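J.: Have a look at this one.
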Amino acid sequence: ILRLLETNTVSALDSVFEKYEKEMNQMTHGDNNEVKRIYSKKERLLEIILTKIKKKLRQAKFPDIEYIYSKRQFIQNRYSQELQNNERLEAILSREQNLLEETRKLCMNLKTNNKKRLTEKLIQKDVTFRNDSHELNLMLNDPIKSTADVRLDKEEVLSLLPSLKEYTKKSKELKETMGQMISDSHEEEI
Amino acid sequence: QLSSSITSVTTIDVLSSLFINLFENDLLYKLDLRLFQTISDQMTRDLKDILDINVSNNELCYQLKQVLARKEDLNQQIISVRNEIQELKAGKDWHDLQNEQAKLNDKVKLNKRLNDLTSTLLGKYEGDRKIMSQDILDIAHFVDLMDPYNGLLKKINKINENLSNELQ
Amino acid sequence: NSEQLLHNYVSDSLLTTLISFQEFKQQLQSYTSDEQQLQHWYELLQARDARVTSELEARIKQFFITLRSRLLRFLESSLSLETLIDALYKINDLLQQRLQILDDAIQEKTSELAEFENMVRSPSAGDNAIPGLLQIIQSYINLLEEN
Amino acid sequence: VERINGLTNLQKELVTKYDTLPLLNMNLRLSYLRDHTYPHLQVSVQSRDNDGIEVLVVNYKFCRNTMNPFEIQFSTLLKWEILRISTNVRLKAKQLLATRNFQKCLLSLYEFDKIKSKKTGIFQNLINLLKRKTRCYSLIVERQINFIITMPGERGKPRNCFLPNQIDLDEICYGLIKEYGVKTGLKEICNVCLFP
Amino acid sequence: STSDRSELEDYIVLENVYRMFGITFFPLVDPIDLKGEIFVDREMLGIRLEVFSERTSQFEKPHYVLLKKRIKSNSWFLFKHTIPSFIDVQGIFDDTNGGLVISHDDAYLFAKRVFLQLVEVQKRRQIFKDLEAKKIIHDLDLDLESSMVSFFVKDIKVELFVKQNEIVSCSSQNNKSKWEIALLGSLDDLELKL
Amino acid sequence: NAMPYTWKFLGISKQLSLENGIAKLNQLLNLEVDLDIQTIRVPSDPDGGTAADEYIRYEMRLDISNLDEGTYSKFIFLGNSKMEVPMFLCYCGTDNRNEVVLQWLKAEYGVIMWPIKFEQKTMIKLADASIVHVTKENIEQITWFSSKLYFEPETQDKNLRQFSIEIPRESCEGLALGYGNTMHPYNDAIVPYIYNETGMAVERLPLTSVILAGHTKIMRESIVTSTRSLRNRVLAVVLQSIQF
Amino acid sequence: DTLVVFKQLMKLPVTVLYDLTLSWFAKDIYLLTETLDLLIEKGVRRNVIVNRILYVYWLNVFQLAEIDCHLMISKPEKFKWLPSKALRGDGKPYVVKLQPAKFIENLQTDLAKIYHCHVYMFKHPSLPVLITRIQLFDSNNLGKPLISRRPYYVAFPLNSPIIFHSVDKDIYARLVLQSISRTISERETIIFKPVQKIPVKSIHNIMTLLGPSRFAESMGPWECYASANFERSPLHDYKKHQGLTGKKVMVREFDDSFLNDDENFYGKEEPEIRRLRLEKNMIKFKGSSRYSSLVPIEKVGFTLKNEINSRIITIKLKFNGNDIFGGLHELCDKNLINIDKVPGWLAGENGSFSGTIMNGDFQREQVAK
Amino acid sequence: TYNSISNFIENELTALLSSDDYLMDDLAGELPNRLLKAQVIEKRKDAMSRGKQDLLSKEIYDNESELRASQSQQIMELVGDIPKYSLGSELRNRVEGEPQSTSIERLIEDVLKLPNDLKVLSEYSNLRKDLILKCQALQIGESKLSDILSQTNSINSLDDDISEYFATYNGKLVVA
Amino acid sequence: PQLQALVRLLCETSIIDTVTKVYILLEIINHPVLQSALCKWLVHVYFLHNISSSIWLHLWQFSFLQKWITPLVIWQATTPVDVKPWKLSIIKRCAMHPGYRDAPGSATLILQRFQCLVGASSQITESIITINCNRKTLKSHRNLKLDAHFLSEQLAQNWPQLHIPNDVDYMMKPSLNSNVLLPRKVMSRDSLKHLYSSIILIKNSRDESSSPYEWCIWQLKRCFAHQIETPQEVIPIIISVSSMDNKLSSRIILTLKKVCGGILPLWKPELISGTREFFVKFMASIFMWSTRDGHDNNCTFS
């Protein structure tokens, strides 16, 4: 019973340290006591009776604590971090289910836009441009898609454009003076 | 099992109680008294604590394992959520928004501009009787560039063609 | 960490104090034997297997407290008009950037059409062009009229 | 079960075509070529030994136009000239051939012919309406819908933006040129001329 | 013989000029043809696809796009081809005339669309990999279609992203505003910056 | 391969009728076993020219307490004297009694034996012989199932190994009626069909094992079925196979 | 662990690649160059290089120090794939992509599973980058390290519609795919990769089969359009003999079908006609131990919905094998299948798509897993 | 039952003493070995023990408060339901400066501003407006270059109608 | 007395099972053990005629093999092992179906084995005695025609069959002349006959021939050495001389071995032709001798 005697020795020593704590507690709760040489001799007598009981227990050998704190705390900490991970993933599914019902609401709003284009076409009930625009070739123009109006551009027209349009009007009057000469060539073939 | 140390604790309690009877038979002894009953009850609840702590950890191990399976439900669940939130921007790319800007501008914006223009020129329905002028750089360029080269060479070779008519 | 705090609370600051509550009944009430009630406390509340009752309390109360935190999450789900004006200003600014880019490239197209052709076409003269044109035109018109 | 070689006569190889390659010459190459690229082409070879070569690009929709090249090597990387132009275009062709690269050039000259053709093909069946219609140089004479033919130095292939109570007309015509076809855009402009 | 061997050589030089025209068609038939009278019930246009370089001023590996007569009704839907799939064939195909492509001219402008779509890829690789790669010492590398392009200017690493010959991305306020530019401005701005 | 009745085949040198020494077999193995003897004039639909249809399938009917194919172990011995090899031996199951049966069959008659690793034309012929179901009117209707003509051509380097051809029952009737009418649907339609489609001369092919659906697994030499019997025209053509 | 890494590091060659690995693994280093110089000339005791560096300079930050094993067993081919398109809700694809923006999905999976690494790579004949991507997931036992469970790969080529991720079909596999869906979005664009053909083989013969190659459909009887092996350039007299080319008289007669299906006899022909049979085979399956394929297709299943007499005619046709179509000219050389009536779809031109053709209308059968 | 389960926990804790001296099971012979003074001492004990439930009422609210605070650090660290994206990188790091995409995303942030995330980074919005104004000056510079390049052509480049009409009519009448 | 007689043979052997198996099979005609069952095959031939043993072989084993049998080789090997060292009944009965399936779709590899069976079968030429020249000449002719017919490898197999059956039949005639009762007259007959057939074969094999050279050499030696060791064939001196115009064709050919054979034929001819008549046969023989001597005075270079 080697492990039995070892655990008994360790547990009795832990009880001896807690006995020292209890002896200090009784000394603090005592009238006037400061020697404790009787306490040390009592610890010696306890060790003597402990060895005698160890003889009696090794005779009747009829056939782990900080280890317990350690393994218990090991699995507690593992469980706690596992729980932290759980609420993290719970946070992320809460965020994305919030997002799922958001975009689901917006696709229902697109369905309301379907009913609204029915109503908005009901107020006034009255494709091959790709094939033609690449049959010939043409260009398109889009300074639009802005909710604020763009005819008030004359804020930021100021950079070079009014000077530009004045000089183009000057060139327009110059080409009018050049196109005076067409008076011969109006209807030379009509 | 722990019944052995339990029996040893019982024997230590009996002997410490005999010494307690001797001490309290003559009275000092308060310290020794609390010493050996602390020995006794500490030994008891410590052996009791370690054995049922073995039991408790041996079960909450597998309750932890159950919450690991709960984590697995989390991962499958967020796969499904992220999946559907992904292809829900596919049906929003789809026909809904497409027909929205395919008929919205069609029978709102352009028909707005058209009916505004018909309110203008139907409101002055006399256009063939009033103006017809819809009230330039391109005509400027093609006229002012067809004149000095093409007009000159066309005229001089047309007059030389008249010379070919005249001699021949 | 929260579960760590909660079992540390329930184990330490409750059950160790309950054991202290047990042992302070020998010391200062009287001088009697004062242990009979201690073993009857043992024998009676050995249905509180305190480790197991503490862990069951943890695996109840920590969980519904997290449910309560889920409840009290919801909080959101003046002077901003200046930045709203700044945003509308940048809206005009970039719409102007697009429109000015189109007008810039169109004017550049007019430039590349006009300047290069009119310069390198007649070998860079720009003399009195319409005068010579009308002169040869009147001469050719007189020749054709005589024809 | 014979084994002759094959340079011509469809029937023979059209039986004995167990491969899949380009078919072969006889004319069905060049018939597909000419008949599915409509204005024509002529040559003469002028070998050397490194090969000066001519061509006669018969541009052919109604009024002719042509061109002629210079030498190659047999490795096909040598240099090229223009030696005959028709005067329907004088200097816009030199805008083009200012640069090299005959692929783009020829295509434009080709698609440019198709552009002139479709320009006329729109103008005749808009003139067909027998109301107050009058005639202009290159646009219309009613109420001034012009449009350029740029043959630019940006993208290599000629693109044609349009022109049509001024800016209003601009965005309206840009709108209506997205629903009912270009061949009917004149019919639409007729509609805003006919009733109002 | 040599009686019409000159005639054949004339025809193939006519072919050579017709294929520097670029897009061409050319008949072929795959051996699915029942009946020496012989039916052909599936016909192939077959569109060879040829690009002119400048840097060598050659022609390349031509591409090839060959469609075929659909069984039911007089159509031309796609068959095997080869242009590398960073260019779509299928969508830009059936885009034209609703996928309902019958004549040869709509087929022609189909291949035209493919062609110039191919060729400005060739043009911008012909810009990068030649001109400032060799004039400027440059230590260049690039993508298959030239879109992440990164190099030394002479000194340092600059990435830029390209689109329809217009620069969008760049890798300083100096740097960024000098280079969100057009392609013809790119070589000029590397001339200027030094 | 989900059906029990395994029917390895065996040929006979010369015919000897059997009812003489059925006491001898019943003597040697001590177990009463019926020998049935019955004339059938297959082609029972007479489109075969009526040429020596004396077909007397001897049925060693091992009729004991039915606990196995080692208990029900029926044999069929089809004979025709006016054909050169006269007679073959089928046998079902997996019994150990069959060994001394055939051993005695060698012994008491003095006949010599060989198995039949039969071939492609064989497999196709009896394949569509399997689907003509026997009617009591003897004008026999045509069942249909779904073929799964597993091959296994080795080539060099195991490159091809194995390639199926599976036909839905619908398409079986399709190519039947489009032929049109026959009693030889496979060689009349289906192998002509797939020759005209995939150019696969399945006659010439290294076939290994046609499965027909839920009903047989014709193999390289060993027809397996899901019936305690073999159809008589099937037995006729497998006699026809080995002949000359 | 050390057994596993020894199974890996025995597959390696030695030459100087071990030297460069251990060089940056060691990031002493002055005279470590003179350790490794001698161990270059003592590059002899080949297998025990492993444990000696694995003990001298020796699962937390060590991951890149082992993942170069993947970097260099990319040398061989052994493992598998499967492809996946990249749609946008219209059938338009793209994968135009700047390289280093992979911290994005690094952080994005790090929001959802624990700290983690993935080297990128770059193959050096074939121009993808590939993402060896190890999911560090767990640590449990019922000891402080974490589990590197399953290196899932995503290789994508430059500028394709296609990526091909590796084949695991798991709740971590699909999770990483779900992440890499969204982290390549970047514009609130919509990616949602759907799947193609299920089986596969290795890298070169997946990208030349499909992706950003020029064989998008060029293979089968058509590789003379893949290569440009005729009609060279503007040249002159090569094209004259290219207009003076050979051929068999492989007559398309039905009587020829009687000659081929029926009418079996002896050799009775010179090596010319035997040659012409052989290149009928060759031109049918390639287009020119030589007798393999170009590309190992591994198993396919074709289908055939004819309609005949206004009535559907349906045969299915599954293959197996270790490379088919090379197997089929090695079958057809034996004059076992009668070559002129071999249509294209089982001539093998589609590149391993088990499609369901019907009256010449080959398809793909989308068929998600 | 936040502190109520613990309230029943401490109640069942003291109820051992309550049921013990209430039955007086050992207390019947303990006077031999507090008549009711023992139970008086017992509820003295339990009134002392209610300090623990005072600590419950403290620490439960402490825990819930700090977890609410952690939730506050979460919403401050993540985007507060703001999926806005390339500015959503731009406010944290430069990537490339795509004026196309920054322009277009700038055409989508101006939706319903007054009619979160750190007052929506008005400084980064001002930085983008400043950068766009810098580009606007960069474009206007080339506009001035075009103006000054076109102006040097106009100055350099810049009766007989009826006379030529009479001459052409005379040509018609003298040739036709 | 065969009950106790074969039991006495059991007293001289150790194989009771085969004894009782004779008294009641395919085990035996599959295979101490092997020689003992061989003696059982002999004993079955004794106690039978040849039926109950031989019928196994001479119908069913080759007539599997004409269709197919698996190993295909050990069966035919034992077949020849049985019938070759045994009865002319088995021999001629086998040879009937041999010539027939020869004229029918011959398998051209089994017919090699049947040719070996004939090659020992001086039993065959023995027991026929009536018109073997009919049967064997017809078989040789059919093989020649069909060899050219599946010729037009094709030509090499034509060479292989039409020469190998020839060599085997020549060995058969060699055995016939070893007996030579009336087999001498038939030996002259078939000897000149197959010599002529191989001569026309060499007319289809003039400048392209491989094996048939050895065949004609075999024929010539089978004339020559037989006539040298047996000078009793003076009525067959016509046959011994009869290689004249064929010998022109034979010296008309590398033919080193052919010339060696011709030298042997002519040398034994000049030896045993001194007893012949100096008018008709030996005049032609010495004429050939003079022609070959002129060929020798031409071989002094050529």
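Going through the structure tokens in order, the chains are called A, B, and so on, while each chain numbers its residues from 1 and the ligands are numbered from 1 in the order shown.
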Can you pull out every residue within 10 Å of residue 67 of chain B, counting only C-alpha atoms, but drop anything in the same chain fewer than 3 positions away, and send it as a PyMOL selection string?

T.: (chain A and resi 79+82-83+86) or (chain B and resi 62-64+70-73)

J.: Contacts of residue 111 of chain H at 12 Å or less, counting only C-alpha atoms, minus same-chain residues fewer than 3 places along, as a list in words?

T.: residues 146, 147 and 148 of chain A; 84, 87, 88 and 91 of chain C; 105, 106, 107, 108, 114 and 115 of chain H

J.: Counting only C-alpha atoms, a student should be able to say which residues of chain C come within 8 Å of chain B; what is the right answer, written as an NGL selection string?

T.: :C and (49 or 51-52 or 114 or 118 or 129-130 or 133 or 137 or 140 or 144 or 147)

J.: Check chain C with DSSP on the backbone and list each residue it calls alpha helix (DSSP H), as JSON, numbers by chain.

T.: {"C": [2, 3, 4, 5, 6, 7, 8, 17, 18, 19, 20, 21, 22, 23, 24, 25, 26, 27, 36, 37, 38, 39, 40, 41, 42, 43, 44, 50, 51, 52, 53, 54, 55, 56, 57, 58, 59, 60, 61, 62, 63, 64, 65, 66, 67, 68, 69, 70, 71, 72, 81, 82, 83, 84, 85, 86, 87, 88, 89, 90, 91, 92, 93, 94, 95, 96, 97, 98, 99, 100, 101, 102, 103, 104, 105, 106, 107, 108, 109, 110, 111, 112, 113, 114, 115, 116, 117, 118, 119, 120, 129, 130, 131, 132, 133, 134, 135, 136, 137, 138, 139, 140, 141, 142, 143, 144, 145, 146]}

J.: Please build the interface table for chain C against chain H with a cut-off of 8 Å, listing for each qualifying residue the nearest atom pair and the distance in Å to one decimal; count only C-alpha atoms, order rows by chain and increasing number, and write it as CSV.

T.:
residue,atom,partner,partner_atom,distance
C:2,CA,H:63,CA,7.6
C:14,CA,H:52,CA,7.3
C:36,CA,H:26,CA,7.1
C:37,CA,H:17,CA,7.6
C:40,CA,H:20,CA,7.5
C:41,CA,H:16,CA,6.2
C:44,CA,H:16,CA,6.2
C:45,CA,H:16,CA,6.7
C:57,CA,H:5,CA,7.8
C:61,CA,H:2,CA,6.6
C:65,CA,H:64,CA,7.5
C:69,CA,H:68,CA,6.8
C:72,CA,H:68,CA,7.5
C:73,CA,H:71,CA,6.9
C:77,CA,H:81,CA,7.9
C:80,CA,H:114,CA,7.1
C:81,CA,H:114,CA,7.2
C:83,CA,H:122,CA,6.0
C:84,CA,H:113,CA,6.7
C:86,CA,H:126,CA,7.4
C:87,CA,H:110,CA,6.5
C:88,CA,H:110,CA,7.3
C:90,CA,H:129,CA,5.6
C:91,CA,H:107,CA,6.9
C:93,CA,H:133,CA,7.4
C:94,CA,H:103,CA,6.7
C:97,CA,H:136,CA,6.5
C:101,CA,H:139,CA,7.6
C:104,CA,H:143,CA,6.4
C:107,CA,H:146,CA,7.8
C:108,CA,H:146,CA,6.8
C:111,CA,H:150,CA,6.6
C:115,CA,H:150,CA,7.2
C:126,CA,H:157,CA,5.3
C:127,CA,H:157,CA,7.1
C:128,CA,H:157,CA,7.9
C:138,CA,H:164,CA,6.5
C:141,CA,H:167,CA,5.7
C:142,CA,H:167,CA,6.2
C:144,CA,H:171,CA,5.5
C:145,CA,H:171,CA,3.8
C:146,CA,H:171,CA,6.8
C:147,CA,H:175,CA,6.2

J.: Pull N, CA and C atoms from the residues just selected and write them as a short mmCIF file (atom, residue, chain, number, x, y, z; two decimals), in the first residue's frame.

T.:
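File result.cif, as written:
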data_model
loop_
_atom_site.label_atom_id
_atom_site.label_comp_id
_atom_site.auth_asym_id
_atom_site.auth_seq_id
_atom_site.Cartn_x
_atom_site.Cartn_y
_atom_site.Cartn_z
N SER C 2 -16.55 34.69 -17.89
CA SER C 2 -17.73 35.00 -17.09
C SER C 2 -18.13 33.81 -16.27
N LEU C 14 -19.20 32.00 -1.51
CA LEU C 14 -20.38 31.47 -0.87
C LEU C 14 -20.05 30.23 -0.04
N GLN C 36 -22.55 19.00 17.62
CA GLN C 36 -23.68 18.16 17.27
C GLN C 36 -24.44 18.75 16.11
N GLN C 37 -24.69 20.06 16.18
CA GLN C 37 -25.29 20.80 15.09
C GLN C 37 -24.40 20.80 13.86
N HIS C 40 -25.03 17.49 12.25
CA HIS C 40 -26.37 17.46 11.68
C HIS C 40 -26.46 18.36 10.46
N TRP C 41 -25.63 19.40 10.39
CA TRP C 41 -25.50 20.16 9.15
C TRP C 41 -24.88 19.32 8.05
N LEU C 44 -27.59 16.70 7.07
CA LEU C 44 -28.78 17.22 6.42
C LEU C 44 -28.43 17.78 5.04
N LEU C 45 -27.47 18.71 4.97
CA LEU C 45 -27.15 19.27 3.66
C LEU C 45 -26.05 18.50 2.95
N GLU C 57 -26.12 25.30 -10.63
CA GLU C 57 -26.48 26.71 -10.57
C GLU C 57 -25.77 27.51 -11.63
N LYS C 61 -27.67 29.75 -14.33
CA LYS C 61 -27.80 31.19 -14.21
C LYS C 61 -26.91 31.91 -15.19
N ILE C 65 -28.41 34.52 -17.89
CA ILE C 65 -27.83 35.86 -17.90
C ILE C 65 -27.32 36.21 -19.29
N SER C 69 -28.37 39.28 -21.67
CA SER C 69 -27.46 40.15 -22.42
C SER C 69 -27.89 40.25 -23.88
N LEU C 72 -30.65 42.84 -23.72
CA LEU C 72 -30.23 44.22 -23.54
C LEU C 72 -29.19 44.69 -24.56
N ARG C 73 -28.89 43.88 -25.58
CA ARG C 73 -28.06 44.34 -26.69
C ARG C 73 -28.66 45.56 -27.39
N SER C 77 -30.10 49.44 -33.18
CA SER C 77 -30.83 48.71 -34.21
C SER C 77 -32.25 48.42 -33.74
N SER C 80 -25.45 67.13 -37.88
CA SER C 80 -25.03 66.38 -39.05
C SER C 80 -25.35 67.09 -40.36
N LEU C 81 -26.08 68.20 -40.30
CA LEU C 81 -26.50 68.89 -41.51
C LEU C 81 -25.33 69.54 -42.24
N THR C 83 -22.23 68.15 -42.53
CA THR C 83 -21.68 67.08 -43.36
C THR C 83 -22.65 66.66 -44.44
N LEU C 84 -23.96 66.80 -44.21
CA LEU C 84 -24.93 66.56 -45.26
C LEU C 84 -24.77 67.56 -46.40
N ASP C 86 -21.93 69.06 -47.02
CA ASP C 86 -20.65 68.68 -47.62
C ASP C 86 -20.83 67.53 -48.60
N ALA C 87 -21.72 66.60 -48.26
CA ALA C 87 -21.98 65.46 -49.12
C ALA C 87 -22.69 65.88 -50.39
N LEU C 88 -23.66 66.79 -50.27
CA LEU C 88 -24.32 67.33 -51.46
C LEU C 88 -23.36 68.17 -52.29
N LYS C 90 -20.08 67.58 -52.54
CA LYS C 90 -19.26 66.63 -53.28
C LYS C 90 -20.08 65.91 -54.34
N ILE C 91 -21.39 65.79 -54.14
CA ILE C 91 -22.27 65.24 -55.16
C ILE C 91 -22.28 66.10 -56.40
N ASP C 93 -19.91 68.16 -57.03
CA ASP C 93 -18.52 68.22 -57.48
C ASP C 93 -18.18 67.07 -58.41
N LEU C 94 -18.61 65.86 -58.07
CA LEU C 94 -18.25 64.74 -58.92
C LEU C 94 -19.17 64.62 -60.13
N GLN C 97 -17.57 66.63 -62.25
CA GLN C 97 -16.36 66.00 -62.77
C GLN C 97 -16.68 65.15 -63.99
N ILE C 101 -15.63 66.20 -67.67
CA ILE C 101 -14.82 65.24 -68.41
C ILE C 101 -15.38 65.02 -69.80
N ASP C 104 -14.73 68.13 -71.74
CA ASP C 104 -13.30 68.23 -71.99
C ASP C 104 -12.88 67.34 -73.14
N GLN C 107 -14.38 68.82 -76.42
CA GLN C 107 -13.61 69.96 -76.88
C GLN C 107 -12.24 69.53 -77.37
N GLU C 108 -11.66 68.52 -76.74
CA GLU C 108 -10.40 67.96 -77.21
C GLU C 108 -10.56 67.28 -78.55
N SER C 111 -10.56 69.97 -80.94
CA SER C 111 -9.20 70.46 -81.09
C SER C 111 -8.38 69.57 -82.01
N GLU C 115 -7.27 71.49 -85.46
CA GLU C 115 -5.94 72.08 -85.50
C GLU C 115 -4.99 71.27 -86.36
N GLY C 126 -2.09 79.13 -93.61
CA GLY C 126 -3.10 80.05 -93.06
C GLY C 126 -2.99 81.46 -93.64
N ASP C 127 -2.85 81.54 -94.96
CA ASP C 127 -2.82 82.81 -95.65
C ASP C 127 -4.25 83.25 -95.97
N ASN C 128 -4.39 84.29 -96.79
CA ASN C 128 -5.71 84.78 -97.17
C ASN C 128 -6.36 83.80 -98.14
N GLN C 138 -13.81 83.57 -109.67
CA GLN C 138 -14.30 84.56 -110.61
C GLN C 138 -13.62 84.42 -111.97
N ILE C 141 -15.18 81.39 -113.52
CA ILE C 141 -16.55 81.71 -113.89
C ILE C 141 -16.59 82.55 -115.16
N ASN C 142 -15.63 83.46 -115.32
CA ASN C 142 -15.54 84.23 -116.56
C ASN C 142 -15.14 83.34 -117.74
N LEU C 144 -15.78 80.06 -117.99
CA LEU C 144 -16.94 79.23 -118.30
C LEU C 144 -18.06 80.04 -118.94
N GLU C 145 -18.22 81.30 -118.55
CA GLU C 145 -19.22 82.16 -119.18
C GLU C 145 -18.85 82.47 -120.62
N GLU C 146 -17.56 82.62 -120.91
CA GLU C 146 -17.13 82.76 -122.29
C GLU C 146 -17.29 81.45 -123.06
N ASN C 147 -17.19 80.32 -122.37
CA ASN C 147 -17.44 79.03 -123.00
C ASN C 147 -18.91 78.85 -123.32
#

J.: Could you list, as a list in words, every residue of chain D that has an atom within 12 Å of an atom of chain C, counting only C-alpha atoms?

T.: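 Here they are: residues 90, 91, 92, 93, 94, 95, 96, 98, 148, 149, 150, 151, 152, 153, 154 and 161 of chain D.
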
J.: Residues near residue 61 of chain F, anyone? I mean within 7 Å using only C-alpha atoms, not counting same-chain ones fewer than 2 positions away, as a list in words.

T.: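 The residues that qualify are residues 33, 34, 35, 36, 59, 63, 74 and 75 of chain F.
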
J.: Once you count only C-alpha atoms, which residues of chain I turn out to be within 10 Å of chain G? Could you give them as a compact mmCIF listing (two decimals) with N, CA and C atoms, in the first residue's frame?

T.:
# COMPACT_ATOMS: atom_id res chain seq x y z
N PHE I 150 -6.30 -17.85 -99.68
CA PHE I 150 -6.09 -16.99 -98.52
C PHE I 150 -4.78 -16.22 -98.61
N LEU I 151 -3.92 -16.53 -99.59
CA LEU I 151 -2.85 -15.63 -99.98
C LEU I 151 -3.36 -14.54 -100.91
N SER I 152 -4.23 -14.90 -101.85
CA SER I 152 -4.80 -13.94 -102.78
C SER I 152 -6.15 -14.41 -103.30
N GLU I 153 0.80 -14.37 -91.73
CA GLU I 153 0.74 -13.63 -92.98
C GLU I 153 0.08 -14.46 -94.08
N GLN I 154 -0.42 -13.78 -95.11
CA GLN I 154 -1.08 -14.47 -96.22
C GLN I 154 -0.10 -15.30 -97.03

J.: Got a sec: who's within 10 Å of segment 126-137 of chain I, counting only C-alpha atoms, leaving out chain neighbours fewer than 6 positions off, as a list in words?

T.: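 With the cut-off at 10 Å, the set is residues 87, 88, 89, 91, 92, 95, 96, 99, 143, 169, 175, 176, 179, 180, 181, 182, 183, 186, 187, 189, 190, 191, 193, 194 and 197 of chain I.
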
J.: How many Å lie between atom CA of residue 8 of chain D and atom CA of residue 7 of chain E, rounded to one decimal?

T.: 12.1 Å
